[PDB]
Amino acid sequence: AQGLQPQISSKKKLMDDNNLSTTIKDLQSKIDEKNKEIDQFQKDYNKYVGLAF
Amino acid sequence: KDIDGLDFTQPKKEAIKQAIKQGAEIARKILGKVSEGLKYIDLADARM
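So the protein sequences, as listed, match chains C and G. In the entry's author numbering, each number is its position in the first sequence, counted from 1, plus 212. In the entry's author numbering, each number is its position in the second sequence, counted from 1, plus 206.
This is the structure in structure tokens:
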């Protein structure tokens, strides 16, 4: 039988080793990256429609 | 210059070509804004 005490300590070690403090910073990098494109494409659509008239 | 477009062209009211003088600069400036935006096309497609 696998021990119940290390089976808790196995999961408790897994809960400390997690990328969750990293991937959230990684995903907020990409959202702030993709917001810069969206904030740029609004400038494009407000320019081409200006050109199209 | 549009008052000046009719200041310098006062005797041309009998002339049809006064409207061509009117039609001249508008036919220029419609193209100059195209090419400025056509620069903006190649400028964006690089960035794209």
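Backbone N, C-alpha and C define an ideal beta-carbon position, used for all residues, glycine too.
Taking the Cβ atom as the reference point for each residue, do residue i and residue j lie within a distance shorter than 7 Å?
| i | j | result |
| --- | --- | --- |
| residue 243(G) | residue 263(C) | yes |
| residue 223(G) | residue 215(G) | no |
Once the 5 residues before and after residue i are set aside, which same chain residues still bring their CB inside 8 Å of it?
| i | result |
| --- | --- |
| residue 218(G) | 224, 227 |
| residue 241(G) | none |
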